[PDB]
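Read the single chain below, which is given as structure tokens and is the form deposited in one PDB entry.
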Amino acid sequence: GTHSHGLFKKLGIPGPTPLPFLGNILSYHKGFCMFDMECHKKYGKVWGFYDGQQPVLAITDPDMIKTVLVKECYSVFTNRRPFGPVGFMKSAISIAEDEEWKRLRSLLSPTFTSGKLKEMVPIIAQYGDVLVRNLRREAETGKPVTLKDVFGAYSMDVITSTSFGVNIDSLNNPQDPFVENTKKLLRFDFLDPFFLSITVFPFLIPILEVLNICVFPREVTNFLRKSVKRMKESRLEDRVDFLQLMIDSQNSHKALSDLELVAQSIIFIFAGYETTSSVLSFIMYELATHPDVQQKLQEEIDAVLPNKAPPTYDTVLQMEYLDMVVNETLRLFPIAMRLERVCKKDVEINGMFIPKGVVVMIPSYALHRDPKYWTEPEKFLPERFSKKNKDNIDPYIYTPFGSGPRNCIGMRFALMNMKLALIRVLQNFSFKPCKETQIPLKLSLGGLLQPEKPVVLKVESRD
């Protein structure tokens, strides 16, 4: 339980001294973000710690971050950390490694071009209209609104239609079989008891795989696998969704196997579902607690889109203050918290030796709130991202979507999705705090960047 706990000592790298077997995981009692902030503050630009026996090297120099995420991505820093028993989802692009990831990224990148996105915009926009209709119910009864619920439904609606052409008002069909399955693809809490145990007993992962025990719910993955087979078999006899693009990609490296395709369909839900709804909720919390910013944003929207004109791909990209609001919220709440890459081979990068097998970690949350780069980092200040000020932002300090060849493949889609939701909602409503609104917002101490209590807000119709 100590074998590798001498590594950073031998390399002269500072960090919290690890306990046998556990390493440093007891320092996670306040979650990832507080641990990373405290280590940054007390150890400086680089430090190392141990998740069980696994050494993790944290780096904060932007030039070093570029070398890892960009310059040496294919040669040395290709893969993320393996995390638990995964079964056939081994073929999902975010979990695949080395040449197999490189292949999958090539097969799937044409699916995320601006041209495919623009062709999807009318689809996503339809569910913004559904969102507004549902919000209007509660704006009329005066009941406070739980944001994760309404933005969760929106997120689900956009996924099911843009992924499979499945058109559902999920907020009002919460027991449609397709919705009750996809709702279960939530983000993993890596500080929960199962994942803590796997970190201390990583040698048990092969035992779980041989028993077909999978961190992705078996019932959900099998429902989706058989649903997809049915859509594929259909369709053929008699759409601009991700499934159709992937189906088309199967007829011209060696094509995308049928199982590989279902794995991507599932991982796209997992990657986009709770991420989008969380960020939307943080944004509306910031707008509700900064009425001046909400008004300025509604003024911009009304100017670009007079008389509640429906948003379009081009009109969205025109809105600079909208972009500034989205960007500043993601500075405060980079829901990934950390970026990680395994070091595949002994390397020396910009001054320091990094041994094979170390996980190199970029603490996005901590860098996003680092006073060296950000004046008053705890304040919500969209003007940081104005054309005036934004040139002073280092792209390797601000990394809410990662960076380089393995960054977020759905970044453009997620930005466009969230902005289209925000536009439609703000055209129709203003959001204000309740007495049940938690002000200021407290973050959870678990493994997910989420509010301590669900955000709840009053919705008032601008009509």
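Only residues modelled in both forms are compared. Just so we're on the same page, rigid core means the largest C-alpha set that superposes within 1.5 Å between forms. Don't overthink the numbering: it's just position in the shown sequence, from 1.
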Other compared entries missing residue 235, a third or more: yes
Say whether residue 186, which has coordinates in the shown structure, is without coordinates in a third or more of the other compared entries. yes
Residues of the deposited chain absent from the coordinates between residue 252 and residue 253 total 4 to 9
Compare the mean C-alpha B-factor of 242 to 250 with that of 260 to 268 as given in the PDB entry, and name the stretch with the higher value. 242 to 250
For the higher mean C-alpha B factor in the entry, choose 302 to 310 or 77 to 85. 302 to 310
Out of 155, 329, 389, 94, residue topping the C-alpha B-factor column of the entry: 389
Report the option among 275, 281, 364, 222 whose CA atom has the maximum B-factor in the deposited record. 222
On the chain's distribution of Cα B-factors, residue 436 falls within the third called highest
Residue 122: CA temperature factor from the record, placed by chain third, in the highest
For residue 178, return the chain-relative third of its C-alpha B-factor as stated in the PDB record: lowest, middle or highest. highest
Please place residue 22 in the lowest, middle or highest third of its chain according to the CA B-factor in the PDB entry. lowest
Residue 285 - Cα temperature factor, lowest/middle/highest third of chain: lowest
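Although it is not shown, the form deposited in another entry is what the next lines describe.
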Across 86, 336, 381, 132, the single C-alpha shifting 2 angstroms or more between this form and the one not shown with the core held fixed is at 86
Once the core is superposed between this form and the one not shown, does residue 216 show a C-alpha displacement of at least 2 Å? yes
After superposing on the rigid core, the runs of 3 or more consecutive residues whose C-alphas all shift by 2 Å or more between this form and the one not shown are 84 to 86, 189 to 192, 214 to 220
